[PDB]
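The structure appears right after this line, and notes come after that.
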Amino acid sequence: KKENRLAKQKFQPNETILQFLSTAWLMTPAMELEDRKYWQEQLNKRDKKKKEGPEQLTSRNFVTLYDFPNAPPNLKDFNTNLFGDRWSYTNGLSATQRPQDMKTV
Amino acid sequence: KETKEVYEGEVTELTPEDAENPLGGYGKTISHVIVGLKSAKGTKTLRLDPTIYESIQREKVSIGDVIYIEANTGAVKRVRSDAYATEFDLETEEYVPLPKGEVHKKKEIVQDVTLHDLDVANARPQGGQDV
Amino acid sequence: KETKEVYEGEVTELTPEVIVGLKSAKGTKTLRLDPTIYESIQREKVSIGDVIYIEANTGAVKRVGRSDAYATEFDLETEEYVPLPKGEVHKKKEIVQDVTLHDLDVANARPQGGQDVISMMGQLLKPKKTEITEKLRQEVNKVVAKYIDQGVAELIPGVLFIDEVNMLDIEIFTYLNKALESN
Amino acid sequence: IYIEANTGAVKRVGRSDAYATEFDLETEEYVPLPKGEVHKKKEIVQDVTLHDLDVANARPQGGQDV
Amino acid sequence: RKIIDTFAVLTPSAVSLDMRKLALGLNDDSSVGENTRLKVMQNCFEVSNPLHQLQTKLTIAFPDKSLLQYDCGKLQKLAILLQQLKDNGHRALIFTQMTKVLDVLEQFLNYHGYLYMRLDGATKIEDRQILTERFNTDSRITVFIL
Amino acid sequence: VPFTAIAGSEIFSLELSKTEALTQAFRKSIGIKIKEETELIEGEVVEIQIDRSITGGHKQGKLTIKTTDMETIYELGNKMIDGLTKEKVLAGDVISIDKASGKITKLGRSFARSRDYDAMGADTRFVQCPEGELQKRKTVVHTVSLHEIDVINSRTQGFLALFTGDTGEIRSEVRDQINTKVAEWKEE
Amino acid sequence: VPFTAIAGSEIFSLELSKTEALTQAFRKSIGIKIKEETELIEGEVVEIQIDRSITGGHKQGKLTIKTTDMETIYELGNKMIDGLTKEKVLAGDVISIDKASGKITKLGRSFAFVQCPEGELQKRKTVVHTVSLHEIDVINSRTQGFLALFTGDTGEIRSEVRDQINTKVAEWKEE
Amino acid sequence: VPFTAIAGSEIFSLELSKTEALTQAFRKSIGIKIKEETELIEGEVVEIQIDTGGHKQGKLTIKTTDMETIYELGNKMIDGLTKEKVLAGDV
Amino acid sequence: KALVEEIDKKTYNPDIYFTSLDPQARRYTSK
């Protein structure tokens, strides 16, 4: 009998699949932690060489939600940033026209 | 007069520096990005904020052609190299010899301009499809 | 006594080919935009949650702003919150906006539709005063005669003033000498 | 049609009278059927001074955009 | 934008219709060539214009209405109690013996912006028992006119 | 016989030179009347049917134009549908149509000679009914000055400069070709 | 208070008549000042988290613009993401934004050099805007007159607009 | 050596004041020479034939009078040959 | 035409315009 007796809209976006949950965070809780991260800024400078105002601002990364076709999808599209696709066609046989679907009869 | 830092060389590599996603969601979170460069007699790898990935995404850096990025302002800028120039018989591609000097350098510019030049730049409307 | 009407309401949909579904307090009607006024509507960044004060006779569109109904979008929303206008969207009023003879001269010599893009080109190609000739004078005389014979309108004279005619040259004196010999 | 082969464009005589009368009314002119053999050839002689050429060259004659 | 927004109130007096399309060359009938009209209206669709606001703000500026309670004489000493009871969590009842007071308290409530409802002639047919239980049940309301 | 009664003081202008002004006055003083054998289709068009563009017949558009004299139907050739409703009008409008115009002029409402249905009706019908024949040639006479012809020659659109008044000092070969054209038109 | 000066050879003009040049010279001196209310949010962005899909068309955000007094994670609506992410926004930077416009004003970087602010985040104030008579005449008379504010591409403004602005000023002063 | 053919009654022009009109006459009176160098390919009777889109194995036959070979291409030409859409039976 | 004239997106199909004084009260053929 409650349903018989008893008888504005909002805006909300969504994000999923390929996502860069962006944050430019000075990840400094509280003071010394950046020093440890200052090490991960450090062991990739002198080794690879071919033979309170710390740093100059940072940023971060994330994915929402659990979307990874092959590696980071950001890295997946960055693998297309190497040498394009048309020259890949020229050096190949247009493998994008060879599908793994449509099982052979 | 002004002087801007310049980081030169050729992009030897581009790799993620992954950390586990700390905030809402899990998976990939690049801590930062370190990319090597080598001009004539000067080799150095730049550690930089991970955000430069967008520049790599935006500028279509490919690998080891042109680098223009600063410590604070950041972002790469592109303008290949003559080493690959013979790979194509004919194209419409650009090429350049190896950059000289060290990876980090500075440039000094002096320019004397009249105030009337600024006035006419303000006055004269320049643009495109805007009416 | 000419007539003006205004469409004012919350937009519900837009259909490119044009529909603008203005929703007032009690009315929700969908006009058709001509391509020019459709472009003007496009430039007005009007979307679901917006009210526009688009006149009916002139046709020009003046957005009123984001609807106050969607006040729950951001505690610090930039756009002003204006509610759904009262009455029907096609609000009609009886206006006593009069016209001087030069006013209706410039009305057709240099049209001033205003807010639409084509009205912008119309007021930009010839923004100044053009040398109206006697042919348009007779056309205007016929138009004002038919309007005043429509019945509601009327005519009232006026007084002009000149100071220190001593400085005036002989040319203007000679021309006005034959100009006062008129009706 | 009336297509001068020198440019490959079209000059329109109008519609035709054979496939005409598809309707009781037509604002577009029915236009008389062209007379003579299709591969028409002719020569024209015109006496024109130079200032007309100058003023024609001064201003544009075609264009499609604004 | 702040230098272009407020003052845009002037309205040119007289306009005659069908004098701009007859000048641009786009229409259903013109002496100029008809090969451009479609592409010209597409340009009008997506040709950028920097004078958008000043073009579209020349019309009326839509003024606003004051005067709900600024000079209300006997009503000045009513907020000094209702607001204090609102802060202290004490509800109150407003009783009326006049129609011209019942039709005026509504704009006071609209101006002062407190959740309110009335036991008067200002509801609908299906908001009588529900409103009775609304008053009976505790809520955030502070104004009930009777 | 239009005249030119203007004092010589205002010959000076900031848009037309003295020579241009005098030439304009002289060419305005001499006029030409033109008779054009335009056509018409008059009669009460009780209905306007617009059928689809069928392949066999590209337009089966029915429209029943009939005057007081006769009852008749017609057909639209896929060009005149918007000619009726360039401005939004309904059927039953007397149409002073012109073949070489494309701009059908509606004169309002019109009458049939029928009593319609049996019950009480026939309300709201008091307008002008077509009187003349269904079709008759009209040798319409128009009077224009050399100003209109010259401004038409100078620019593709000429009504704008005729109304606003910014002709723009048209050149001489225009006047020469108009002289020849008017001479041969009088001869023809 | 405005005050305008001219010389003995600037009376003449080509885009203007000497009549209209002297008219504008007379008009420019007088001015009006209209007051208005202003609101502002101020603090230091010390946290930020934006949900943004790559190559997408839907996003949300949470910027924690805060002072040294309390923790406050503010929100962005539909278009505010671009407005608050047009330039660099980090997690230490002292930032002040306006509500009705979302404009960004760089009070200064925290370091790498201003300390984190105290007080309350949202402050209100009043701002009075000044404008001369001729400027009011020219801004609202036509559409391209905004270019005339600098290029001066106008001459002999229609007197109807002048009378309308004069009566507008008169009734503004009256009320 | 262009010769400045200007009479006395040609300097009192409307849009050109006499001083800068004389300056323009002198500017015309000067003589100068300029040289430049460019490069081209002549005789490219191409007859493209490749084995759809994508330009897989993007090399074009080129057949002029002297050398008749096949030119290899790249990202800019394998999509530049589809630019200027031709039947490839021409120079 | 009359620029930006009164129109409520009522039909306005360039090849559809049916009106009458209602002596039969019908419309154009279709299915």
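Residue numbering restarts at 1 for every chain of the structure tokens, chains are lettered A, B, ... in their displayed order, and ligands are numbered from 1 as they appear.
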Fill in: Test item: residues at most 6 Å from region 19-26 of chain I, only C-alpha atoms, excluding those fewer than 6 positions along its chain, as a ChimeraX atom specification
/F:46-48,90-91,116
Go ahead and save the residues from that selection, with N, CA, C and O atoms, as a compact mmCIF listing (two decimals), in the first residue's frame.
```
# COMPACT_ATOMS: atom_id res chain seq x y z
N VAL F 46 -8.26 25.27 -56.23
CA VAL F 46 -8.88 24.77 -55.00
C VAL F 46 -7.94 23.83 -54.25
O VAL F 46 -8.01 23.72 -53.02
N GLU F 47 -7.04 23.15 -54.96
CA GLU F 47 -6.12 22.22 -54.33
C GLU F 47 -4.75 22.33 -54.98
O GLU F 47 -4.63 22.68 -56.15
N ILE F 48 -3.72 22.01 -54.20
CA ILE F 48 -2.33 21.98 -54.67
C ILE F 48 -1.77 20.63 -54.25
O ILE F 48 -1.34 20.45 -53.10
N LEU F 90 -1.53 29.34 -48.98
CA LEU F 90 -2.31 28.13 -49.18
C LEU F 90 -2.87 28.10 -50.60
O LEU F 90 -2.59 28.97 -51.42
N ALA F 91 -3.66 27.07 -50.88
CA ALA F 91 -4.29 26.93 -52.19
C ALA F 91 -5.46 27.90 -52.30
O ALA F 91 -5.72 28.72 -51.41
N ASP F 116 -21.06 22.64 -51.61
CA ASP F 116 -20.36 21.76 -50.66
C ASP F 116 -21.36 20.77 -50.08
O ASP F 116 -22.11 20.14 -50.85
```
Counting only C-alpha atoms, what are the residues of chain B within 12 Å of chain E, and for each of them which pair of atoms is the nearest and at what distance in Å, to one decimal? Sort the table by chain and rising number, as a Markdown table.
```
| residue | atom | partner | partner_atom | distance |
| --- | --- | --- | --- | --- |
| B:125 | CA | E:50 | CA | 11.4 |
| B:127 | CA | E:48 | CA | 10.8 |
| B:128 | CA | E:48 | CA | 8.8 |
| B:129 | CA | E:48 | CA | 5.8 |
| B:130 | CA | E:48 | CA | 4.6 |
| B:131 | CA | E:49 | CA | 5.2 |
```
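Atom pair CA of residue 55 (chain B) / CA of residue 77 (chain B) has a distance of 7.7 Å (rounded to one decimal).
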Practice prompt. Counting only C-alpha atoms, collect the residues of chain E whose closest atom lies at most 12 Å from chain F, and write them out as an MDAnalysis selection string.
Written response: chainID E and resid 18:25 27:33
Write out the residues from the selection above, keeping N, CA and C atoms, as a PDB file, in the first residue's frame.
```pdb
ATOM      1  N   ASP E  18      13.990  41.351 -45.451  1.00  0.00           N
ATOM      2  CA  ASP E  18      14.303  40.979 -46.833  1.00  0.00           C
ATOM      3  C   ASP E  18      15.155  42.040 -47.526  1.00  0.00           C
ATOM      4  N   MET E  19      16.133  42.579 -46.799  1.00  0.00           N
ATOM      5  CA  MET E  19      17.085  43.526 -47.360  1.00  0.00           C
ATOM      6  C   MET E  19      18.532  43.102 -47.157  1.00  0.00           C
ATOM      7  N   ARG E  20      18.779  42.025 -46.411  1.00  0.00           N
ATOM      8  CA  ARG E  20      20.120  41.488 -46.199  1.00  0.00           C
ATOM      9  C   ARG E  20      20.405  40.281 -47.084  1.00  0.00           C
ATOM     10  N   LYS E  21      19.495  39.302 -47.109  1.00  0.00           N
ATOM     11  CA  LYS E  21      19.626  38.201 -48.059  1.00  0.00           C
ATOM     12  C   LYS E  21      19.625  38.709 -49.492  1.00  0.00           C
ATOM     13  N   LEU E  22      18.895  39.794 -49.758  1.00  0.00           N
ATOM     14  CA  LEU E  22      18.923  40.434 -51.065  1.00  0.00           C
ATOM     15  C   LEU E  22      20.238  41.154 -51.335  1.00  0.00           C
ATOM     16  N   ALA E  23      21.085  41.324 -50.323  1.00  0.00           N
ATOM     17  CA  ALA E  23      22.373  41.991 -50.469  1.00  0.00           C
ATOM     18  C   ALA E  23      23.555  41.036 -50.444  1.00  0.00           C
ATOM     19  N   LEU E  24      23.506  39.993 -49.611  1.00  0.00           N
ATOM     20  CA  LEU E  24      24.588  39.014 -49.588  1.00  0.00           C
ATOM     21  C   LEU E  24      24.651  38.207 -50.877  1.00  0.00           C
ATOM     22  N   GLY E  25      23.511  37.990 -51.525  1.00  0.00           N
ATOM     23  CA  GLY E  25      23.441  37.166 -52.710  1.00  0.00           C
ATOM     24  C   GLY E  25      22.888  35.777 -52.480  1.00  0.00           C
ATOM     25  N   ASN E  27      19.763  33.609 -51.446  1.00  0.00           N
ATOM     26  CA  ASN E  27      18.309  33.694 -51.360  1.00  0.00           C
ATOM     27  C   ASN E  27      17.725  32.641 -52.292  1.00  0.00           C
ATOM     28  N   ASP E  28      16.402  32.654 -52.422  1.00  0.00           N
ATOM     29  CA  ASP E  28      15.717  31.802 -53.383  1.00  0.00           C
ATOM     30  C   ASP E  28      15.536  32.472 -54.739  1.00  0.00           C
ATOM     31  N   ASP E  29      15.944  33.732 -54.878  1.00  0.00           N
ATOM     32  CA  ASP E  29      15.831  34.439 -56.152  1.00  0.00           C
ATOM     33  C   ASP E  29      16.777  35.626 -56.139  1.00  0.00           C
ATOM     34  N   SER E  30      17.758  35.621 -57.039  1.00  0.00           N
ATOM     35  CA  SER E  30      18.683  36.737 -57.172  1.00  0.00           C
ATOM     36  C   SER E  30      19.230  36.758 -58.590  1.00  0.00           C
ATOM     37  N   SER E  31      19.694  37.937 -59.009  1.00  0.00           N
ATOM     38  CA  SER E  31      20.300  38.080 -60.326  1.00  0.00           C
ATOM     39  C   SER E  31      21.720  37.534 -60.379  1.00  0.00           C
ATOM     40  N   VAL E  32      22.377  37.380 -59.232  1.00  0.00           N
ATOM     41  CA  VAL E  32      23.740  36.865 -59.181  1.00  0.00           C
ATOM     42  C   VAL E  32      23.718  35.362 -59.424  1.00  0.00           C
ATOM     43  N   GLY E  33      24.893  34.777 -59.648  1.00  0.00           N
ATOM     44  CA  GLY E  33      24.959  33.354 -59.924  1.00  0.00           C
ATOM     45  C   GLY E  33      24.476  32.521 -58.753  1.00  0.00           C
TER      46      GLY E  33
END
```
Practice prompt. Work out how far CA of residue 136 (chain C) is from CA of residue 172 (chain F), in Å to one decimal.
Written response: 25.4 Å
Item to complete: Mind the document's chain letters and residue numbers, and return as a VMD selection string the residues of region 50-151 of chain G that DSSP labels strand (DSSP E or B).
Response: chain G and resid 50 to 53 59 to 66 74 to 75 94 to 97 104 to 108 122 to 132
Keeping only N, CA and C atoms, write the selected residues to a file as a compact mmCIF listing (two decimals), in the first residue's frame.
```
# COMPACT_ATOMS: atom_id res chain seq x y z
N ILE G 50 41.83 14.49 -12.18
CA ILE G 50 40.95 14.66 -13.34
C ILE G 50 40.72 13.30 -13.98
N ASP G 51 39.45 12.95 -14.18
CA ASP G 51 39.06 11.74 -14.89
C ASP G 51 38.85 12.14 -16.35
N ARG G 52 39.78 11.73 -17.21
CA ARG G 52 39.78 12.13 -18.61
C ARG G 52 40.18 10.94 -19.48
N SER G 53 39.28 10.54 -20.37
CA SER G 53 39.58 9.48 -21.33
C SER G 53 40.44 10.03 -22.46
N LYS G 59 34.48 13.90 -19.52
CA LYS G 59 35.48 14.00 -18.47
C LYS G 59 34.88 14.69 -17.26
N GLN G 60 35.50 14.46 -16.11
CA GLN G 60 35.17 15.17 -14.88
C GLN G 60 36.47 15.51 -14.15
N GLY G 61 36.35 16.31 -13.10
CA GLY G 61 37.54 16.72 -12.36
C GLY G 61 37.23 17.11 -10.94
N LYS G 62 38.28 17.08 -10.12
CA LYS G 62 38.22 17.51 -8.72
C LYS G 62 39.53 18.22 -8.41
N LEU G 63 39.47 19.54 -8.28
CA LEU G 63 40.62 20.34 -7.90
C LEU G 63 40.49 20.73 -6.44
N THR G 64 41.51 20.45 -5.64
CA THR G 64 41.47 20.70 -4.21
C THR G 64 42.15 22.03 -3.89
N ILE G 65 41.54 23.10 -4.39
CA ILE G 65 42.04 24.45 -4.11
C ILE G 65 41.81 24.74 -2.63
N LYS G 66 42.90 24.92 -1.89
CA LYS G 66 42.81 24.99 -0.44
C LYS G 66 43.74 26.07 0.09
N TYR G 74 37.28 21.03 -4.43
CA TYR G 74 36.24 21.65 -5.23
C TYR G 74 36.02 20.86 -6.52
N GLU G 75 34.97 21.22 -7.25
CA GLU G 75 34.54 20.48 -8.42
C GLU G 75 34.45 21.40 -9.63
N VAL G 94 49.68 28.51 -5.48
CA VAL G 94 48.68 29.46 -5.01
C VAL G 94 47.87 29.95 -6.21
N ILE G 95 46.56 29.71 -6.18
CA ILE G 95 45.68 29.94 -7.32
C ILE G 95 44.44 30.68 -6.85
N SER G 96 44.04 31.70 -7.60
CA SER G 96 42.79 32.42 -7.38
C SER G 96 41.99 32.42 -8.68
N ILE G 97 40.73 31.98 -8.59
CA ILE G 97 39.83 31.89 -9.73
C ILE G 97 38.55 32.63 -9.38
N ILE G 104 41.70 32.44 -14.90
CA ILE G 104 42.88 32.03 -14.16
C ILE G 104 43.79 33.23 -13.95
N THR G 105 44.25 33.41 -12.72
CA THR G 105 45.17 34.49 -12.37
C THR G 105 46.32 33.90 -11.57
N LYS G 106 47.53 33.99 -12.11
CA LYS G 106 48.70 33.39 -11.49
C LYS G 106 49.18 34.30 -10.37
N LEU G 107 48.74 33.99 -9.14
CA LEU G 107 49.24 34.72 -7.98
C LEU G 107 50.72 34.46 -7.74
N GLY G 108 51.25 33.36 -8.25
CA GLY G 108 52.65 33.02 -8.11
C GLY G 108 52.82 31.56 -7.76
N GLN G 122 36.69 31.84 -0.06
CA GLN G 122 35.79 32.60 -0.92
C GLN G 122 35.58 34.00 -0.35
N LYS G 123 36.02 35.01 -1.09
CA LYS G 123 35.93 36.41 -0.67
C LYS G 123 35.07 37.20 -1.66
N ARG G 124 34.31 38.15 -1.13
CA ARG G 124 33.46 39.03 -1.92
C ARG G 124 33.95 40.46 -1.79
N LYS G 125 33.70 41.26 -2.83
CA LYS G 125 34.15 42.64 -2.87
C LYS G 125 33.27 43.40 -3.86
N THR G 126 33.61 44.66 -4.12
CA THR G 126 32.91 45.48 -5.09
C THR G 126 33.91 46.14 -6.02
N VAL G 127 33.54 46.27 -7.29
CA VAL G 127 34.39 46.89 -8.30
C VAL G 127 33.56 47.91 -9.06
N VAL G 128 34.12 49.10 -9.27
CA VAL G 128 33.47 50.18 -10.00
C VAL G 128 34.20 50.38 -11.31
N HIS G 129 33.45 50.40 -12.41
CA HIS G 129 34.00 50.53 -13.75
C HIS G 129 33.70 51.92 -14.29
N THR G 130 34.72 52.57 -14.85
CA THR G 130 34.59 53.90 -15.42
C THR G 130 34.57 53.84 -16.94
N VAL G 131 33.86 54.78 -17.55
CA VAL G 131 33.79 54.86 -19.01
C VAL G 131 33.31 56.26 -19.39
N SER G 132 33.89 56.81 -20.45
CA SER G 132 33.58 58.16 -20.89
C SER G 132 32.32 58.19 -21.74
```
